[PDB]
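# A look at the structure
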There are 4 protein chains.
Amino acid sequence: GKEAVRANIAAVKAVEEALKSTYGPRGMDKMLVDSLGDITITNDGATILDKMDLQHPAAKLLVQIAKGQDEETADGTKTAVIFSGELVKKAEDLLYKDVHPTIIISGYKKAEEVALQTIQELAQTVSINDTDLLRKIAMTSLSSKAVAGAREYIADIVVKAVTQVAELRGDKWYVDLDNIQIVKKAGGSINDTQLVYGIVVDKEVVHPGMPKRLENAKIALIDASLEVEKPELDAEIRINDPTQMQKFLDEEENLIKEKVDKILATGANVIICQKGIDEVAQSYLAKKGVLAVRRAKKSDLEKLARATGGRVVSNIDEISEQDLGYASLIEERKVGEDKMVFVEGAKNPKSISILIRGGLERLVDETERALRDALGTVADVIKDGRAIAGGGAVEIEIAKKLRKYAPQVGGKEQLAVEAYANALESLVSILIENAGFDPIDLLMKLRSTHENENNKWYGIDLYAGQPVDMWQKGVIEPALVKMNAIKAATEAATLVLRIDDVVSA
Amino acid sequence: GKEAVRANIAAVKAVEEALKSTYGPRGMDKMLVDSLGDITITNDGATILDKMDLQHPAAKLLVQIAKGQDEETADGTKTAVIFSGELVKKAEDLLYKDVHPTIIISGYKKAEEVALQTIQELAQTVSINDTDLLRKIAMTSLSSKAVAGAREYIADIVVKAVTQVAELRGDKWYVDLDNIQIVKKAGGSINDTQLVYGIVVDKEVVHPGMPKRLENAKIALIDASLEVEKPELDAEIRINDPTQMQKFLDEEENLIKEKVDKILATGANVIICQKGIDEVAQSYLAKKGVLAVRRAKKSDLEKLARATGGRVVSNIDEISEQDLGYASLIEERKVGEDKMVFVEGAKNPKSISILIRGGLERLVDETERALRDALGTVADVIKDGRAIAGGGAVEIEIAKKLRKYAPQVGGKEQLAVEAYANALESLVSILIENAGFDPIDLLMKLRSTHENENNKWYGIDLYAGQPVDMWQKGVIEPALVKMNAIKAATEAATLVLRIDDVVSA
Amino acid sequence: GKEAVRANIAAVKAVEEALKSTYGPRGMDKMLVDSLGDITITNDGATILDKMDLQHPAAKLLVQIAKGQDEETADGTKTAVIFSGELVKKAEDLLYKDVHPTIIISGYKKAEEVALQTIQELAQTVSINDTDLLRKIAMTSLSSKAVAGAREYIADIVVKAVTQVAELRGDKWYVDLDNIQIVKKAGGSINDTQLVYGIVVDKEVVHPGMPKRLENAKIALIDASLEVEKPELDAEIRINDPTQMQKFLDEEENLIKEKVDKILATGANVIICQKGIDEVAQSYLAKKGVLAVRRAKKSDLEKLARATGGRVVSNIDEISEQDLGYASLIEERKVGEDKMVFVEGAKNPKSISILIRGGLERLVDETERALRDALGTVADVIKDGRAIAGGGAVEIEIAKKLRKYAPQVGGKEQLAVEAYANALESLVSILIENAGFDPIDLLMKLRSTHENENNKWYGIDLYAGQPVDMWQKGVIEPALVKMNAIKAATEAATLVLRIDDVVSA
Amino acid sequence: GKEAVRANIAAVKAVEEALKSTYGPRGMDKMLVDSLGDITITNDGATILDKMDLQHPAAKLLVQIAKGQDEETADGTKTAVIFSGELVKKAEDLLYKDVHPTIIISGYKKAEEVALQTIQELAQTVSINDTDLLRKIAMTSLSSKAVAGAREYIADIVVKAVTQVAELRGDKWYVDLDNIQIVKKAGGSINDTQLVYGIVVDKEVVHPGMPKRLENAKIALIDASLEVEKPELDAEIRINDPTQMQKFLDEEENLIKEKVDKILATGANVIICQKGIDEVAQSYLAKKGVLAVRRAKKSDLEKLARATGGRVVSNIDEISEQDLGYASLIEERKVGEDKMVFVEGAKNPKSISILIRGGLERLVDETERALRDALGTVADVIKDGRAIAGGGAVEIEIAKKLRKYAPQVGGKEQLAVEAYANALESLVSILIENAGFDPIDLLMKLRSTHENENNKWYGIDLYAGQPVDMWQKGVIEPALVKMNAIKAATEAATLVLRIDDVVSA
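Residues numbered from 1 in each chain as written, not as in the entry; some residues may be left out. Chains lettered and ligands numbered in written order. Part of a larger assembly, values for the part shown. Heavy atoms only, no water.

Looking at the entry header, you'll see cryo-EM listed as the method and 8.3 Å as the resolution.

## Some thoughts on the arrangement of the chains
Separated in space, chain A and chain C share no contact, their closest pair of C-alpha atoms being 15 Å apart. Here chain B and chain D are not in contact; the least distance found between their C-alpha atoms is 9 Å. (Contact = heavy atoms within 4.5 Å.)

## Structural notes on the relation of the copies chain B and chain C
Both copies of the chain are related through a single rotation about an axis accompanied by a shift along the same axis. Overlaying chain B on chain C yields an RMSD of 0.9 Å, the required transformation being a rotation through 180° with an accompanying axial translation of 0.0 Å. On the angle and the small slide along the axis, the relation comes out as a two-fold axis. Interface overlap between copies: 100% of the residues of chain B at the interface are likewise at the interface in chain C, consistent with a symmetric, same-surface contact. (Least-squares fit on C-alpha atoms.)

## Some words on the sheet that holds strand β3 (residues 124–125) of chain D
Residues and elements named next belong to chain D. As summarised here, the arrangement of the three strands in space is β3-β17-β20, forming an open sheet in which the pairing is antiparallel. Only two strands of the sheet have a single partner each, and these edge strands are β3 and β20 (476–478). With two bridges joining them, β3 and strand β17 (residues 386–389) adopt antiparallel strand pairing. Looking at β17, one finds that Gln124 is bridged to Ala387. (Pairing = 2+ DSSP bridges. Helix = DSSP H or I, 4+ residues; strand = E, 2+ residues; numbered from the N terminus.)

## Regarding the UniProt feature "binding site: ATP" (unreviewed entry) in chain A
All names here are of chain A. Under the feature "binding site: ATP" (unreviewed entry), the UniProt entry names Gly24, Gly76, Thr77, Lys78, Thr79, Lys145, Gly391, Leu462, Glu477 and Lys482. Its location among the elements puts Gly24 in the loop between α1 (2–19) and β1 (30–33). Within the secondary structure layout, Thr77 lies in helix α4 (residues 74–96). Taking relative accessible area as the criterion, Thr77 reaches 13% and is therefore assigned buried. In this structure, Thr77 is in contact with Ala66, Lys67 and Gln69, ignoring residues within four places of it in sequence. (UniProt positions renumbered as here; feature names shortened; annotations may be inferred. Buried < 20%, exposed > 50% of the residue type's maximum accessible area, 1.4 Å probe, protein only.)

## Observations regarding helix α5 (residues 101–120) of chain B
The end-to-end C-alpha distance of α5 of chain B, which contains 20 residues, comes to 29 Å, matching closely the 28 Å that a straight helix rising 1.5 Å per residue would cover. Each element contacted by the buried residues of α5 of chain B is listed here: α4 (75–96), β15 (386–389), α12 (393–405), α13 (412–435) and α15 (481–498) of chain B. (Expected span 1.5 Å × (residues − 1).)

## What to know about the interface of chain C and chain D
With 17 residues of chain C at the contact, the number on the chain D side is 17 residues. Summing the contributions of chain C and of chain D, the shared interface buries around 1600 Å²; its carbon and sulfur component is 67%. Considering only the surface of chain C that becomes buried against chain D, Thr102, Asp500 and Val503 of chain C emerge as the three largest contributors, covering 32% of it. Linking chain C to chain D there are one salt bridge. The salt bridge involving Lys30 of chain D is made with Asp500 of chain C; its shortest N-O contact spans 2.7 Å. Taken together, the connections running from chain C to chain D amount to nine residue pairs in polar contact. Counting residues per element, the side of chain C that touches chain D draws most heavily on strand β20 (residues 499–504) of chain C, at six residues. By residue class, the composition of the side of chain C that touches chain D is nine nonpolar, four polar and four charged. (Buried area = accessible area lost by both parts, 1.4 Å probe. Salt bridge = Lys/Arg side-chain N within 4 Å of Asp/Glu carboxyl O. Polar contact = N/O pair within 3.5 Å; in protein donor to acceptor, adjacent residues only side chain to side chain. Nonpolar A, V, L, I, M, F, W, Y, C, P; charged D, E, K, R; others polar.)

## Regarding a nonpolar patch on the surface
Residues and elements named next belong to chain A. On the surface, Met31, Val33, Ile39 and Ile41 cluster together to form a nonpolar patch covering roughly 470 Å² of accessible area. Where the nonpolar patch is concerned, the elements lending two or more residues are β1 and β2 (39–42). In this structure, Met31 sits in strand β1. According to the relative accessible area criterion, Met31 is exposed, its value standing at 58%. (Patch = residues over 30% accessible without salt bridge, like charges linked within 9 Å, V, L, I, M, F, W, Y side chains within 5 Å. Areas by Shrake-Rupley, 256 points an atom, 1.4 Å probe, with all protein chains shown as cover.)

## Some thoughts on the sheet that holds strand β15 (residues 338–344) of chain D
Residue and element names in this part refer to chain D. Overall, antiparallel pairing links the four strands, which are arranged β8-β15-β14-β9 in an open sheet. Of all the strands in the sheet, the pair left with one neighbour each is β8 (198–201) and β9 (213–215). Mean inter-strand twist for the sheet, computed between neighbouring axes without regard to direction, equals 25°. The strands touched by helix α10 (residues 298–305) within the sheet are β8 and β15, with β8 carrying the most contacts at an inclination of about 160°. (Axes fitted to C-alpha atoms, helices over the stretch in contact; angles between N-to-C directions.)

## Notes on the UniProt feature "binding site: Mg(2+)" (unreviewed entry) in chain A
Residues and elements named next belong to chain A. Annotation from UniProt places "binding site: Mg(2+)" (unreviewed entry) at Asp75. Looking at the element boundaries, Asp75 is found in helix α4. Discounting residues that sit within four places of it in the chain, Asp75 has contacts with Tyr23, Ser144 and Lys482.

## Concerning the interface of chain B and chain C
Put simply, an interface is often sized by how much accessible area is lost when its parts join up. With nine residues of chain B at the contact, the number on the chain C side is 10 residues. A per-residue breakdown of the area chain B buries against chain C is headed by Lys412, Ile440 and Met444 of chain B, which together make up 53% of the total. Inspection of the chain B/chain C interface yields two salt bridges. Here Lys412 of chain B and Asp438 of chain C are joined by a salt bridge, their closest N and O atoms 2.7 Å apart. Across the contact surface, chain B and chain C share four residue pairs in polar contact. Looking at the side of chain B that touches chain C, the elements with two or more residues in it are α13 and α14 (439–449) of chain B. Here the side of chain B that touches chain C is built from residues that sort into three nonpolar, two polar and four charged.

## Here we look at the packing of helix α4 (residues 76–96) of chain C against helix α15 (residues 481–498) of chain C
Residues and elements named next belong to chain C. Between α4 and α15, the shortest axis-to-axis distance is 8 Å and the interhelical angle comes to 35°. The way α4 lies across α15 gives a crossing that is right-handed. Every residue of α15 that contacts α4 at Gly76, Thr79, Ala80, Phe83, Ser84, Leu87, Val88 and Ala91 is listed here: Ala485, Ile486, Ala488, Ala489, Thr490, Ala492, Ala493, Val496 and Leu497. (Left-handed = near helix turned anticlockwise from the far one by under 90°.)

## With respect to the domain arrangement of chain A
All names here are of chain A. What the domain assignment lists for chain A is domain 1 (1–125 + 385–503), domain 2 (126–196 + 349–384) and domain 3 (197–348). For domain 2 versus domain 3, the distance between C-alpha centres works out to 31 Å. Facing the 22 residues of domain 2 at the interface are 19 residues of domain 3. Here domain 2 meets domain 3 over a buried area of about 1700 Å², counting both sides, of which 52% is carbon and sulfur. If you look at where domain 2 meets domain 3, you find two salt bridges. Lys185 is paired through a salt bridge with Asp202; the nearest N and O atoms lie 2.7 Å apart. Summed over the shared surface of domain 2 and domain 3, the result is 11 residue pairs in polar contact. (Domains from an automatic or database assignment.)

And the structure:
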């Protein structure tokens, strides 16, 4: 009865009360002090709940359905949790009135139903040529990060980078995310970033006597070791005579000059590897006119493979010119505080790279997260095709539309739908609250300014503090992500109402 | 005497109080937390009593008779505990009035007799022809389970699947359950479930370079290693020459292509095993152009035997033409995200399969338990041939009818029969209650709208809140089940009433 | 709410439990031990409730409604309380079932309606000439009293005593009980009692020298004194010379012999007064040959006035031939140890007296009690003219008939009506209980053996301990008394449920 | 602020909670126990507040304004207080929502307005010629009282009695209630209740021999004594000689028959008094063939005076034939155990009387109160001329209609006005509640049966529990009593919210 069900509800509400103040672009920071005293400050919804001490069975089940939802989305999963916790909360006033949860649930289902389709029958059609629109959507992802400065710059890259790679295959839009390389260097400004129309290898050219621009790249992706090490297949017995030592490693140095030559037997003129290159072999490749890089990360090997038509070879004695990576021009460029290798004019037209620059070593590190999500968010819009106005706009519609409906649902069920609806307006009240404005004033100013049918896209610009068309302010977002967010929230929410008791062994 | 006997009573009620909110199709869920964090949310009677840390002798005695009823059932076991505990309540009220428990046993017994025969001379003949009737009884099985998704979809599959398999033994219908295979693949949607007219071998093909459909299959169900490992009869020795390790494994691999050709020496042209298949032996079988499977589960080799006429031979030196299986075409196909081997057109016409899909890894599981139960349930219906209207219709009647007996049975024993009956009405009251309507109101408003003969299948609609015909609304149930619950429940009930004392050492 | 309603229930239930064991002809006696140490045994409902301090509001209210009913009855005020408290009791079980007090009241209303009318449409016509029936109804009062001496004698007497005074008034039968005197003399045999056809003056004759049987009485009822007193109106100072004293008592002795002579001057041959007679004024009356009585009580003067036609005269100068009484023959007669004046053949044939004998000063008293209540009861039958079989026949009928009614009356209200019927069978349970038999056994043995119109008057002989025709064992009762109980009872019962909560000062 | 405002709310809500369960025709009774144990069980609003202490300043402020409303009533004072505690209740949740108290007042003012005019522009025009209708509004009054004997009977009487006295003056209607006398006797059938067309003097006629019916009553309202008095100014000091005693009371007796004749000297054939009338003066008036009444109450001297044209005179030496009251016939008429004088065919056709009968000494009082309040209510219906449907219809309407307004009114104040509408719907819930049905269910089912203007008078039959047209079931009530009920309530409610702190001396 009231006993255990209050615990479950409680726990959930408690977790919502942990994120509330971090909602939206006016959402503030939480600080996290590790058990070793290490400090981590953030507003990432996810992170605050993964790093959190969470032990109640009901809560752990809630976060599993909210967090692990259909699409990826920092602000939607944060929405899902908060909105879960409001759905659980608004139901408590109904239980006080002695309504059975079986009804409140069927009631939340009929509201959900309408809630889902109300975003579908309202969404606008977004495809490959709507590229000044995907720009807006981008800022809708980067504005909620804590990342500073020129996000318009990044919004613009992120867009070009997805539409380069997007492909329509059998009447379905696709994005192979892997055709986008991301390299990051600390220092410089976030305006000093760039889109590269080709591959960017993070590791530099080993020996400074080597060329730094080789014409007509025939790349040799070498997993093998091209650096000596102490005797291995040379003896099964221990070595103790310094005469035997000399004749082993001496022949072994002409063995690496042979292995490198066995690669130049194929026509290779650039050579990048996953293990060492001997310093004498650096002097050899320098005397040959070869551009070599030592110990590059397999993360960049795969991306360079399918850009230039190469593949990674491990058996030096099988390397062939079919393995080589053909590309128009390979170079090693310095861009600001650091340098790296560029592969412009590569075989694949889709394969591109991004160059991140923008403050200190950890500040730049979160700029790649922001870039990832930005890319994702534009691409999912292209992969689906539907995009709605943020700033609370679809919420106040789904709220209004449910309220006018509620009467036709029936008797007790009605209070369920009104409760669901009050919770939807509450969600946007939380975003408005965190801006520092009065919630209800603006909520009402919205429920008035949406009386016509051409005000569907109106919400509250937290910057202005007054009802505005969010579409016509560049704040648009992926329709389906914030549609599966509601689906997640309701699932979890009704699941906590479904539990009659908590038995523990 | 009253001493220990109160405990026994208490303990019985206690058990009842653990299921009380979970009866019928509108019952609520229980959460159960183990000592290492493991959470189980369910509303099945077994699970809620198996995971209970049970102490009392009456309690253990009770659950054994209740649960361990002959019939495979889960709502009948929830009915068996609840009705048992109601009879104990209604018998206690006589002990309070200073009635001897011996009258009350003979009372319950005489009422129990009538109550059973009153389902026999009243149950309707359901058959293989009434395939639209087994469809109903399937929804009446699936409405108790977790999955609310698409029950007409699952119900129809369930019926066709059993009715295909059903046969006439001693002039009465039999269903052998072995003629149905069930394979399940997590993800996708519940409408993507299907019935296959053949066997479906869960395991995928070993190598993509072998056929994807082999014509006119002559299977060799081979339970023998076609995988090299080490030398064991050719090598007792640790082996001091590595040339000899080599020359052992050289003759041993020419030995596996010999073993393969010894299997095609019979005219086999597909080969499935419960053992490994070598990388030289794959290339060999790919070059022979035959269709092979590596380490398939023994559970499906068997379903595929008595389908195709095949046999599992565990010795490559013992495979014969007599043991190979015929089937019209065996292939591999991919249903959504997963791929399996299928064996449509086997020699047996009975042998069919089901492919289950619809949600992630635990939701899919419970979709298989519900479908299995549904298959099982429908099959019990063809094997008996009797079916009554569900939702309380026979209960309220058999109550009324026991009141009409009562006067004539005698003095004190009359109040016992009246008890037996009143408890039975409490059952249907708990069911009304859980829907969230008034138990007394609807119980009385129905047992009046059931006075006429043609209202014998009237019950109480637990979604609209008003008496209707349960049969012509699909709520029918297997007429022997609601006879093994009654027989179980009154056994357990009458076993407490016989016990006078407890001597514990 | 349930809050105060439990107090009120408690309090009524306590009082019920103060009479339970004293109910019916075979009940036991309660002892009441006074504050001054005096002892009192009785079986009187009223006395056990009067000598008991009822401090709870409910109790004080109950008794008023119970006691103060339309016709005076010895065990009907006991029925009224018990039956009240059984309704109050049986109504808590309905609150338990969640039934609202507005419904339980109408239930009890509707139940009373039928129950009242059931006594009508089952009672048999009793008249002034059904005197062997009225012989039973008299016994139906006396048989339950402390005194067991020859009651069939008293039962007979009572018929003759009422039928002499009953007459028709306002087109209906009536009994003016004032035309019956009850005179008693302690000691001797109660079977030596009688009905007298005239009036009985409790005082014997004053002088033995007076005659003791006069033909044709001419009584002079003198409220005046004929006996000397001290001088108080003669002078306005205190007389001190003995000459004035002498002349006071001299002149006064001729004054009292004058006053007597002024009354016998009218032809009055008997003289009864309400004050004293002098011893010299007796010797004058002795010589006159008249029969005179000293200081007769105003109680018997009223009763002799309107029997003989005389007037009670306060003034020696106001007696006249129109103010004297007339009676056929007056006498003094010794009927036992004692002797008293009789006035048989009195001017009014309806003025009669009854003469009590029957052991000790306190045993004569409880015989007078029995004889008064016996008169009451035969008269209330004549006054009504309906009469039913007692011993529980009519309780079980009113029950049966109400159980068939209940189904069509309503939902919950059915249960109230069925409760009111159980409360009536409960009466008869108390009635068994006290006999030394099993209440339910005997009740069921009666409810079976009473299911025909031939057996409508079967009830239970408490002495025999078996169903028998109660009518055919002398147990018939005034059907208006055993009706007024139900009415009393139902008023008080419904009144305890009407109260939600209590306001204190 | 919130500090202190809570005590006053708490105290108010506590008073609401004292009357709640006694609201409507289905309300229960409270029992009231005074200091020396005297008991009073009632449902009367006022009494449950009079015997309440009301030690709170808030409570005393609330009841004075709640009770003391413009029109008299026991239902609308009960509405005034419950609806007050409710207005404050429904405001509490806004103060929590951070709406300011200045806002909730303004909010409420605007709502009160609308709420009032919705009762005006909705009543139907009722007159002395809708005599079938006032039979209903009277029943709607007697249906809520304690007396449940034959109320159609009382209702029909109450109508005739007011429409008899009612008169058209200054284009409006008035009822001179004083022209209706209220006489009450204990016992009898309630059907012998009557209207008398003239006055009833509660006193009977002074001497048995006087005329029982007198023709052409020339009534003489004499407040001077007709009995002889003890000397007090006839001598200076105390009388001590018996000759003076004698000759004083003897000449005073020849004076008193003189005073009676000095009055019959006027033509007076009937003579009514307020002090004595001597036993020799009664013999004078009896031989004169005059009809006299002794010691009639100052109340009845006044009422017969202007019913006849007479005047009450306190000195016999001042009496004249224009002080006589002139009427057709005075007589003495029996009323069960009592007898008393009637004066039918008066000069005034309005001066009439009511004779209450039916129950005993305390039941009759509540009948007198009930019949006064009933008479009043009809008179109030005629003076105004408006009537609405009872049983919850007009509440739910005024609610709905306000809700529709609320959006257009403004931001925060909308919540106040919405609050004010919910507070009106709660009334019908309490009403239902106290009936024993389910509150929410019947209110939704009611607002569904009353979503149209053609269903303007649909409510909830509180006997059945189901939507019906109340008007067409006799449930109509005075349009103004429930309009001023609101106005009282809201006065008190906003005054409580207006108090910011409570300081003390």
